[PDB]
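Below: the structure, in structure tokens.
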Amino acid sequence: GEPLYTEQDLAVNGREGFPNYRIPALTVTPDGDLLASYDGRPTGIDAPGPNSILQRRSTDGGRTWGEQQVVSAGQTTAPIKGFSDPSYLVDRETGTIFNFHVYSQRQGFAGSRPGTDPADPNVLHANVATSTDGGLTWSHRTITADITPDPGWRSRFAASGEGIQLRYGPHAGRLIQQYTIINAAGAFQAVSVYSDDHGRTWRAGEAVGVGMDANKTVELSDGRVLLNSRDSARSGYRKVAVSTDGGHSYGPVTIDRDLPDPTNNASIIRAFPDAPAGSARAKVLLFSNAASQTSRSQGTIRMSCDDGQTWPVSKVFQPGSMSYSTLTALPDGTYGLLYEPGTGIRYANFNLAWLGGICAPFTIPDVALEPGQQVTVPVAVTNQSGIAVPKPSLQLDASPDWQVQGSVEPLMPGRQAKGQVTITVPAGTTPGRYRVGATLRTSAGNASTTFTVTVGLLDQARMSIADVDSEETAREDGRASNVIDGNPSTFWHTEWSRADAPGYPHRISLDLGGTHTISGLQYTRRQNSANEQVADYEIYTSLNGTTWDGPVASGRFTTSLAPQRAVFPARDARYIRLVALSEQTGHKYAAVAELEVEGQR
Ligand SMILES: OC[C@H]1O[C@@H](O)[C@H](O)[C@@H](O)[C@H]1O
Ligand code: NA
């Protein structure tokens, strides 16, 4: 029915006993009682500040809230004791409550020394409070010696927010809390901690990932576990993985470019946690996070109705500052959102009608073309809503001076719809990749997708590296072929891990896959570091890749994060070469996120 958003603080900084409140946690009890947990920070810092774990209770479904009670009390007189980064987990089968948090002594996450004795003051401990009675009374234990089977795992902390219980498959019942660890080589890794015995005993799964951090899991309509992680390598995105063995082990980790993230915690839940395995409702996920690649702001809810493959629906809940957010499914059928507005801990409620979407994701393929050209690309709407909509329309958001229109057949339940998008790119459009937004506008909700229209660039897929002067592959992935992989988040980086690596000049040559009329090169700097930016440069081209004609163009790049063009009289060529002559502030290394070649396909 009617859209609903509502919002109210639970904690403000310098009020009710602490000068700082952070790190939100939120669950629903087998009663329907809502529990909000969070850091009370005397000295305003994460571990090892002598922090407390706090909690409040709503016995009327999120309208009103009881006293600010202490679950875990920090010791601020020496020996100091810190308890921080809270995360709930309900076992709805026994109905027991867990609340995981760190127990820190002298050392934070950074300086945690290997070992697992509770008494050791240089270990950051894994703690879990236990409550068998709805979260009123609490028992306390230290589980580090159970979840460190690799001795070089020198550090750990449970991902703040809320954890899961598997409802399906051979592992049904299993409780799963996510951790981040530090291994011997000091890489940040993701790992599930689980219990097959309702909390009695806990163990660690197989560590997966590099550049990981605070991360969450959700069980999909088929019982697979989706991991969704914070990227500590600062990609601008969420990292993702999947387990087919109930959180023991995950497959390859990828950057999820559907999911821009500023290096912040995020949350991912089942919208319908009790639905049968395999059902339409069992594929529904809500995702909350800072929807900006660069700042903790524009908090955004996304809805997936296809196990998180596609994310058709999104809506901003907070324009301004928004750090950690966590979601929880309410018994009333609405949703709890506990986030960080900046003044402490806020509690928000929304319903699915607020989100304002239609479960009907659509695909419109990427298209390549020269300027002057007209092209029809099809639309395929996968109507997952199961409802009739007489007259849907397609709004497109393309460049100001393009000729664009969208169209979509009537929307029918259970069956797909067809649509079309015609595009004319006028003569004189700047060569580039154009991200065009498409919106499906309908009576019962909107869905939207993006697709790229490449204008006068050559196909990267046909390209290869012909030569590179220098590349780092030992201590990080700085392969030259990264300039032609599509991903501004992966880069070429000249060797750095050895001291005798060359400085400038640097060189990278592309083989174009064939001979093409070419007229320019677009350079994209490395996005997450500023000391390997190319300044002075020359460009060369070749037909046979050994006789080089040039410099055909020359100049100096800016510190602009966007693609920058270097243009030259059109000419046939099978190869193009970039010579980086200098760095922006004089440094040894070059990094390049992307090279595109302006030319005729
Ligand atoms: O030695 C310089 C290196 O510094 C590292 O910290 C960085 O991750 C590398 O990309 C490289 O720039
Ligand atoms: Na790249």
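By order in the structure tokens, chains are A, B, ...; within a chain, residues start at 1; ligands start at 1, following the order shown.
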
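Per DSSP on the backbone, alpha helix (DSSP H) in region 134-383 of chain A comprises residues 352, 353, 354 and 355 of chain A.
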
Do you know which residues are at most 8 Å from region 123-125 of chain A counting only C-alpha atoms, after dropping those on the same chain fewer than 2 positions away, and could you put them as a PDB file with C-alpha atoms, in the first residue's frame?
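Result file is selection.pdb:
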ATOM      1  CA  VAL A 102      35.972  -7.815  20.128  1.00  0.00           C
ATOM      2  CA  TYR A 103      37.685  -8.077  23.486  1.00  0.00           C
ATOM      3  CA  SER A 104      40.805  -5.944  23.248  1.00  0.00           C
ATOM      4  CA  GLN A 105      43.483  -5.283  25.791  1.00  0.00           C
ATOM      5  CA  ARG A 106      46.660  -3.396  24.766  1.00  0.00           C
ATOM      6  CA  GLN A 107      46.322  -3.976  21.017  1.00  0.00           C
ATOM      7  CA  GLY A 108      43.842  -2.994  18.293  1.00  0.00           C
ATOM      8  CA  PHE A 109      43.251  -4.822  14.982  1.00  0.00           C
ATOM      9  CA  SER A 112      47.413  -7.803  17.317  1.00  0.00           C
ATOM     10  CA  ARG A 113      50.126 -10.315  18.106  1.00  0.00           C
ATOM     11  CA  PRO A 114      49.718 -14.022  17.232  1.00  0.00           C
ATOM     12  CA  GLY A 115      48.388 -16.523  19.895  1.00  0.00           C
ATOM     13  CA  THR A 116      45.006 -17.310  21.569  1.00  0.00           C
ATOM     14  CA  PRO A 118      42.313 -15.138  26.911  1.00  0.00           C
ATOM     15  CA  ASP A 120      47.258 -12.503  26.781  1.00  0.00           C
ATOM     16  CA  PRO A 121      47.089  -8.652  26.606  1.00  0.00           C
ATOM     17  CA  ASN A 127      34.193 -12.565  22.238  1.00  0.00           C
ATOM     18  CA  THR A 142      36.308 -15.923  24.555  1.00  0.00           C
ATOM     19  CA  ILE A 143      36.409 -18.033  21.426  1.00  0.00           C
ATOM     20  CA  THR A 144      39.803 -17.138  19.822  1.00  0.00           C
ATOM     21  CA  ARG A 154      47.599 -12.917  14.187  1.00  0.00           C
ATOM     22  CA  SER A 155      44.411 -10.750  14.298  1.00  0.00           C
ATOM     23  CA  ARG A 156      40.564 -10.984  13.915  1.00  0.00           C
ATOM     24  CA  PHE A 157      37.250  -9.150  14.353  1.00  0.00           C
TER      25      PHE A 157
END

Give me the residues near residue 587 (chain A) as a short mmCIF file (atom, residue, chain, number, x, y, z; two decimals) with N, CA, C and O atoms, in the first residue's frame, where near means some atom within 8 Å (using only C-alpha atoms) and where sequence neighbours in that chain fewer than 6 positions away do not count.
data_model
loop_
_atom_site.label_atom_id
_atom_site.label_comp_id
_atom_site.auth_asym_id
_atom_site.auth_seq_id
_atom_site.Cartn_x
_atom_site.Cartn_y
_atom_site.Cartn_z
N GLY A 503 63.13 3.70 -13.28
CA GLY A 503 62.33 4.92 -13.16
C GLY A 503 61.89 5.26 -14.57
O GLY A 503 61.86 4.37 -15.45
N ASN A 531 50.55 9.23 -6.51
CA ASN A 531 52.01 9.34 -6.75
C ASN A 531 52.59 8.51 -7.90
O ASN A 531 53.79 8.20 -7.90
N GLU A 532 51.76 8.11 -8.87
CA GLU A 532 52.23 7.34 -10.02
C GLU A 532 51.51 7.81 -11.27
O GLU A 532 51.27 7.05 -12.22
#

| said: Could you list, as a VMD selection string, all protein and nucleic acid residues with an atom at most 6 Å from ligand 2, counting only C-alpha atoms and all ligand atoms? | reply: chain A and resid 482 to 483 485 to 491 593 to 594

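For residue 27 (chain A), the set of protein, DNA and RNA residues having any atom at most 8 Å away, when counting only C-alpha atoms and skipping those fewer than 3 positions along the same chain, is residues 34, 35, 36, 88, 89, 90, 162 and 328 of chain A.
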
Once you have the residues from the selection above, write them out as a PDB file, in the first residue's frame, restricted to C-alpha atoms.
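result.pdb written:
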ATOM      1  CA  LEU A  34      13.853  -5.375  18.458  1.00  0.00           C
ATOM      2  CA  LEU A  35      17.384  -5.187  19.841  1.00  0.00           C
ATOM      3  CA  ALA A  36      19.798  -2.345  18.933  1.00  0.00           C
ATOM      4  CA  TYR A  88      23.775  -9.952  16.674  1.00  0.00           C
ATOM      5  CA  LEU A  89      22.888 -13.546  15.633  1.00  0.00           C
ATOM      6  CA  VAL A  90      19.588 -15.194  16.628  1.00  0.00           C
ATOM      7  CA  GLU A 162      23.938  -8.906  12.017  1.00  0.00           C
ATOM      8  CA  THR A 328      16.818  -6.320   9.716  1.00  0.00           C
TER       9      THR A 328
END

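The shortest atom-to-atom distance to residue 81 (chain A), with only C-alpha atoms taken into account, belongs to A:48 out of A:111, A:48, A:555, A:410.
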
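If you look at CA of residue 83 (chain A) and CA of residue 39 (chain A), they are 7.8 Å away from each other.
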
| If you count only C-alpha atoms, which residues fall within 10 Å of residue 23 (chain A), apart from same-chain ones fewer than 3 positions away, as a PyMOL selection string? | chain A and resi 37-40+46+84-87+159-161+265+323-326+338-340+344-345

Keeping N, CA and C atoms for every residue in the selection just given, could you write it to a file as a PDB file, in the first residue's frame?
ATOM      1  N   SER A  37      22.181  -2.846  19.278  1.00  0.00           N
ATOM      2  CA  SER A  37      23.473  -2.894  20.012  1.00  0.00           C
ATOM      3  C   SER A  37      24.513  -1.942  19.381  1.00  0.00           C
ATOM      4  N   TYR A  38      25.485  -1.471  20.145  1.00  0.00           N
ATOM      5  CA  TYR A  38      26.412  -0.445  19.603  1.00  0.00           C
ATOM      6  C   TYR A  38      27.512  -0.048  20.582  1.00  0.00           C
ATOM      7  N   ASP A  39      28.601   0.509  20.039  1.00  0.00           N
ATOM      8  CA  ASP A  39      29.756   0.937  20.840  1.00  0.00           C
ATOM      9  C   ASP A  39      29.460   2.193  21.641  1.00  0.00           C
ATOM     10  N   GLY A  40      29.688   2.096  22.951  1.00  0.00           N
ATOM     11  CA  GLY A  40      29.817   3.227  23.852  1.00  0.00           C
ATOM     12  C   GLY A  40      31.312   3.429  24.047  1.00  0.00           C
ATOM     13  N   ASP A  46      37.894   3.266  18.178  1.00  0.00           N
ATOM     14  CA  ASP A  46      37.698   1.822  18.121  1.00  0.00           C
ATOM     15  C   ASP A  46      38.792   1.135  19.009  1.00  0.00           C
ATOM     16  N   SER A  84      34.180  -3.851  21.518  1.00  0.00           N
ATOM     17  CA  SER A  84      33.651  -3.054  20.416  1.00  0.00           C
ATOM     18  C   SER A  84      33.279  -3.856  19.166  1.00  0.00           C
ATOM     19  N   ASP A  85      32.566  -3.165  18.257  1.00  0.00           N
ATOM     20  CA  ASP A  85      32.117  -3.682  16.955  1.00  0.00           C
ATOM     21  C   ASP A  85      31.061  -4.793  17.141  1.00  0.00           C
ATOM     22  N   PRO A  86      29.818  -4.407  17.464  1.00  0.00           N
ATOM     23  CA  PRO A  86      28.812  -5.388  17.827  1.00  0.00           C
ATOM     24  C   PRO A  86      28.115  -6.011  16.629  1.00  0.00           C
ATOM     25  N   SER A  87      27.713  -7.272  16.790  1.00  0.00           N
ATOM     26  CA  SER A  87      26.937  -7.980  15.779  1.00  0.00           C
ATOM     27  C   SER A  87      26.060  -9.037  16.436  1.00  0.00           C
ATOM     28  N   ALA A 159      32.562  -9.044  11.787  1.00  0.00           N
ATOM     29  CA  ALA A 159      31.933  -7.974  11.025  1.00  0.00           C
ATOM     30  C   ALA A 159      30.649  -7.487  11.698  1.00  0.00           C
ATOM     31  N   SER A 160      30.696  -6.233  12.132  1.00  0.00           N
ATOM     32  CA  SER A 160      29.572  -5.568  12.796  1.00  0.00           C
ATOM     33  C   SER A 160      28.276  -5.523  11.986  1.00  0.00           C
ATOM     34  N   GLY A 161      27.148  -5.680  12.666  1.00  0.00           N
ATOM     35  CA  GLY A 161      25.853  -5.618  12.012  1.00  0.00           C
ATOM     36  C   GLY A 161      24.922  -6.709  12.510  1.00  0.00           C
ATOM     37  N   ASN A 265      31.334  -0.296   5.737  1.00  0.00           N
ATOM     38  CA  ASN A 265      30.533  -1.504   6.014  1.00  0.00           C
ATOM     39  C   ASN A 265      29.191  -1.326   5.293  1.00  0.00           C
ATOM     40  N   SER A 323      27.558   6.490   7.415  1.00  0.00           N
ATOM     41  CA  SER A 323      28.649   5.518   7.561  1.00  0.00           C
ATOM     42  C   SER A 323      28.180   4.032   7.541  1.00  0.00           C
ATOM     43  N   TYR A 324      28.205   3.379   8.698  1.00  0.00           N
ATOM     44  CA  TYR A 324      27.787   1.985   8.828  1.00  0.00           C
ATOM     45  C   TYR A 324      26.269   1.935   8.820  1.00  0.00           C
ATOM     46  N   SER A 325      25.713   1.004   8.039  1.00  0.00           N
ATOM     47  CA  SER A 325      24.281   0.755   8.013  1.00  0.00           C
ATOM     48  C   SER A 325      24.051  -0.731   8.148  1.00  0.00           C
ATOM     49  N   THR A 326      22.980  -1.066   8.856  1.00  0.00           N
ATOM     50  CA  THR A 326      22.571  -2.446   8.930  1.00  0.00           C
ATOM     51  C   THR A 326      21.039  -2.573   8.893  1.00  0.00           C
ATOM     52  N   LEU A 338      19.391   0.507  10.991  1.00  0.00           N
ATOM     53  CA  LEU A 338      20.169   1.173  12.037  1.00  0.00           C
ATOM     54  C   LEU A 338      21.487   1.710  11.446  1.00  0.00           C
ATOM     55  N   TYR A 339      21.639   3.017  11.342  1.00  0.00           N
ATOM     56  CA  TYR A 339      22.835   3.531  10.693  1.00  0.00           C
ATOM     57  C   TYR A 339      23.574   4.605  11.484  1.00  0.00           C
ATOM     58  N   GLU A 340      24.589   5.194  10.838  1.00  0.00           N
ATOM     59  CA  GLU A 340      25.426   6.195  11.470  1.00  0.00           C
ATOM     60  C   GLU A 340      25.279   7.476  10.693  1.00  0.00           C
ATOM     61  N   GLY A 344      25.781   9.842  16.136  1.00  0.00           N
ATOM     62  CA  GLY A 344      25.753   8.589  16.900  1.00  0.00           C
ATOM     63  C   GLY A 344      25.034   7.447  16.190  1.00  0.00           C
ATOM     64  N   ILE A 345      23.893   7.066  16.751  1.00  0.00           N
ATOM     65  CA  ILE A 345      23.151   5.884  16.309  1.00  0.00           C
ATOM     66  C   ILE A 345      21.687   6.308  16.074  1.00  0.00           C
TER      67      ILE A 345
END
